[PDB]
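Form deposited in one PDB entry, single chain, as structure tokens, below.
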């Protein structure tokens, strides 16, 4: 097998429509936000404009191939793959994906998709111009798949943060939750990412 064969096979058979659950166990999705920039904060309206890399990993065995004498990994357009239907609950704009929409697939079926996203959120901006800073909580989970189909888990904080931002990051913490909504009888998991940041002073 070479890359052309692998990509041909994936394109013919991946079934992007089909969640790759194994034996009625949920697909375990890991999500981790690497913050790159904070662009346009408004303490009056409690809105924030943020740029982050959304590191997203999961397993899809239907993509796997025998890597004997073959490439161990390929880059695949996400339109040819099943991707988790993650949404940020407190987003107030649709995600603007700034990078090529390619995922990386390993021969055992492990997938990494890590777009750079600019998005606007509704969150607590109070204290942004103080030494304690503001804490903006971003909540991300599957929109349509309950906890028996998709589970979501969290995997330096300023590591890739732009030095040219007007803001600086004090801390980033994660928390996993499982919530039942009035609409539906089942539980839906999310990861809440708390971004503690402040204006440079």
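Residue numbers count along the first chain shown, from 1. Take the two forms, superpose them, and find the largest set of C-alpha atoms that agree within 1.5 Å; that set is the rigid core. Only residues modelled in both forms are compared.
In the deposited sequence, the stretch from residue 132 to residue 133 has no residues without coordinates, so the chain runs on without a break.
A summary of the deposited B-factors shows that, of 31-39 and 167-175, the stretch with the larger mean C-alpha value is 167-175. Note on 21-29 vs 186-194: mean CA B-factor is higher in 21-29.
For the set 84, 109, 77, 71, the PDB entry assigns the largest Cα B-factor to 71.
Ranking 142, 56, 46, 67 by the C-alpha B-factor listed in the PDB entry places 67 at the top. Among all modelled residues in its chain, residue 160 ranks in the highest third by Cα B-factor.
When the modelled residues of the chain are ordered by C-alpha B-factor, residue 126 sits in the highest third.
The same protein also exists as the form deposited in another entry; that form is not shown, yet it is the one meant from here on.
For residue 177, a C-alpha deviation below 2 angstroms is recorded between the shown form and the other one after rigid-core alignment. Listed in sequence order, the runs of 3 or more residues present in both forms whose C-alphas shift by at least 2 angstroms between the shown form and the other one, with the core superposed, are 43-45, 123-126, 180-187.
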